[PDB]
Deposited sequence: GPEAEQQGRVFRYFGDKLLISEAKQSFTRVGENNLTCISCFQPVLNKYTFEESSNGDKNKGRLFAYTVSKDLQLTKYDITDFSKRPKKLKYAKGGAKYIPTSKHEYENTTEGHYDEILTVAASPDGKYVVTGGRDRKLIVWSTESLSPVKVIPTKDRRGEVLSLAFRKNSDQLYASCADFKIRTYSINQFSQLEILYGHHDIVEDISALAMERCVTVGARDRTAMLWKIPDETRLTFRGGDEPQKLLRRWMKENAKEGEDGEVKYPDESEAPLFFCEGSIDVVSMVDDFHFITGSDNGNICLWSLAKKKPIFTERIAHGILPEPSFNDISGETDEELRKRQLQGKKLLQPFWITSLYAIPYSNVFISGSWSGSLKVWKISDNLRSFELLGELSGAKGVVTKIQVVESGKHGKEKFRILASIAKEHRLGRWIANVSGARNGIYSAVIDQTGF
């Protein structure tokens, strides 16, 4: 279960085909893609869940069906959303799509009819759902929540399996592959945590390095980190994080500190760095994609020795706040949800080219 996909150098990024599709909704917060006919699912603060056919890389995402929630659904076990949907994940088997958000509910819908087949409450008055991730090739779902807990589920049992404890702030983002494990990030706790579910153990990785101290040890020959916001797993032994100081860090499970750091990865604009608001490592490959609100999607390549990563290129048609990135293949198709606002309501001054919809990029070789 390690990195074996080396197509980073092959990618024809400079000649990528770019498109954008407007939606009549406000503020996409997440996008989830299904891969065996390929599908995408989008959720919005406007309480809309939408399904797209994305199998034809020649044409933009084709809208198939939608379901909108609303005030009607105030109780929390009703089969509809009544507060901001923050996250969406498509089940690996093609049968289910599950949503969650500020109304402290998981709602699992059938992909067939886009109808709610099960509603599973978190049962906590602070348990907002912030992020979802299925174990790959499984029905095991992991939901990171705002009450500092990660909840696990068996989706074809429609039940809650257990609860994981460790974080000391909201668990903003969570990533999982094929193993029965997951990575989470705790925002202001400035930790990433690796949960080995069957071993009942957990690794803890710490950021939040004092700049004066960093400068002090750099003189042996920058920007304050206040939150680690995003995370993505590249293989069963490595992962990447993104912070609100622009840092993209590569971590190995064996090391306490990051094995590599690219500081202010999306630049600045006395000095303020662009946050990393999106991060997706395509599983077991040497490429990952990063997003902010700086107007482009940065594609990076990891070294074959896994000790560094480097800038492959930029996808510059991606104006707006990138809230989520997914990658599908047949040819790579990058899909990214673009909003005028940050998923969680963090305040963003002047977003250039603010807009609502889905960015698509098709890359060859």
| query | finding |
| --- | --- |
| Deposited-sequence ranges lacking C-alpha coordinates, in sequence order | 1 to 7, 44 to 61, 101 to 107, 254 to 273, 322 to 346, 408 to 413, 449 to 451 |
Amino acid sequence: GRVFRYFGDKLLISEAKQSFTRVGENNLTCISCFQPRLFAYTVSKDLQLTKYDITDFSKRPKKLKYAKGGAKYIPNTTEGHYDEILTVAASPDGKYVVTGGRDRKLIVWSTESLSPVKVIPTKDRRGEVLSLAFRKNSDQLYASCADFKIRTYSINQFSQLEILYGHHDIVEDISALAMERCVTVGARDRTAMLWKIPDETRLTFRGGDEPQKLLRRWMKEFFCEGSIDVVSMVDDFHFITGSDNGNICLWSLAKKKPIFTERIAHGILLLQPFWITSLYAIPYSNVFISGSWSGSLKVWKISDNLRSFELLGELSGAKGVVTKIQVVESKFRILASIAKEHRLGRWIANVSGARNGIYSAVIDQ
From here on, numbers count along this sequence of modelled residues.
property: Residue stretch of maximal mean CA temperature factor, 208 to 216 vs 126 to 134; result: 208 to 216
property: 48 to 56 versus 321 to 329 - greater average Cα B-factor per the deposited record; result: 48 to 56
property: Residue of maximum C-alpha B factor among 160, 232, 99, 227, per deposited coordinates; result: 160
property: Residue, from 246, 116, 258, 295, that the PDB entry assigns the highest Cα B-factor; result: 258
property: Residue 199 CA temperature factor, ranked by third within the chain; result: middle
property: Third assignment of residue 80 from its chain's C-alpha B-factors; result: highest
property: B-factor third for the C-alpha atom of residue 27 within its chain; result: lowest
property: Position of residue 302 among the chain's modelled residues by C-alpha B-factor, lowest, middle or highest third; result: highest
property: Record-listed C-alpha B factor of residue 237: chain third; result: highest
